[PDB]
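Atom set for the values below is all heavy atoms of this structure, side chains included, hydrogens, waters and symmetry mates excluded. For the single chain, residues carry numbers from 1 onward in sequence order.
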Amino acid sequence: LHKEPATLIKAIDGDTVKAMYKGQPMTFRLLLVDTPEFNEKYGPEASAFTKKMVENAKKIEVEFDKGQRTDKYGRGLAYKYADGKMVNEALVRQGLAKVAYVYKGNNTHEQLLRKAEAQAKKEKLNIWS
Ligand SMILES: Cc1cn([C@H]2C[C@H](OP(=O)(O)O)[C@@H](COP(=O)(O)O)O2)c(=O)[nH]c1=O
Ligand SMILES: [Ca+2]
């Protein structure tokens with residue numbers, strides 16, 4: 001996979017971030033994760049975690065997988081990186097997202113994220129507490 005440039009527009013919630021990509025605004029939905037909705041337990045905590053990560057970064061990048069790049073809502077499906085650190089993985093490692101929506105052909109980083117989830121679960125963090 002390849003990292004491409006994006007510029008933060010707005011963090012939306014734990015797993016969606018609006019960013020300028022090839023000069024157009026796109027809402028990105030993070031691949032292979034599911035954060036709680038803001039109205040749900042750990043929802044505000046996930047939202048804040050992603051918000052801090054992307055806002056504090058000198059740069060953000062998006063990395064598409066091999067399969068679908070857009071979902072049925074027109075959201076970009078990507079791995080998002082904040083100064084080279086993957087947001088998707090960080091959320092899972094902190095127990096603020098479950099590995100989820102793992103579709104064949106768009107699951108390059110599944111094992112990375114499963115390993116993170118196992119570690120979060122062992123530490124009883126957040127959703128696993
Ligand atoms: C992460 C992801 C979500 N989606 C779709 C499936 C779900 O459809 P449904 O809306 O019908 O439940 C929805 C979940 O996104 P959210 O967790 O943001 O609600 O987004 C994909 O199609 N591909 C993806 O890779
Ligand atoms: Ca969600």
Side-chain heavy-atom pair [X], [Y] within 4.5 angstrom cut-off:
X    : Y    : result
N88  : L32  : no
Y101 : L77  : no
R75  : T16  : yes
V62  : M26  : no
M53  : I60  : no
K98  : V33  : no
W128 : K122 : no
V17  : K80  : yes

So, taking the atom named [atom1] in [X] and the one named [atom2] in [Y], what distance separates them when rounded to the nearest 0.5 Å?
X    : Y    : atom1 : atom2 : result
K115 : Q119 : NZ    : CD    : 5.0 Å
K85  : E61  : NZ    : CD    : 13.0 Å
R29  : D71  : CZ    : CG    : 8.5 Å

Any donor and acceptor pair, going by atom type alone, linking the side chain of [X] with main-chain N or O of [Y] inside 3.5 Å?
X    : Y    : value
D13  : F38  : no
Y79  : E63  : no
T50  : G14  : yes
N107 : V102 : no
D15  : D34  : no

For the residue pair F28 and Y21, categorise the inter-ring angle as parallel (less than 30°), tilted (30 to 60°) or perpendicular (more than 60°).
perpendicular
Nearest heavy-atom pair of [X] and [Y]: which atoms, and what distance?
X    : Y    : result
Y42  : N126 : OH-O, 3.0 Å
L112 : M86  : CD2-CE, 3.5 Å
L91  : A46  : CD2-O, 4.1 Å
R69  : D65  : NE-O, 4.4 Å
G67  : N106 : N-OD1, 2.9 Å

Check the pair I127, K121 against side-chain contact (heavy atoms from CB on, under 4.5 Å), reporting the backbone distance first and the verdict last.
CA-CA 8 Å; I127 66 186; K121 201 171 312 201; over 6 Å; no
Got a salt bridge between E89 and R93, using NZ or NE/NH1/NH2 to carboxylate O under 4.0 Å?
no
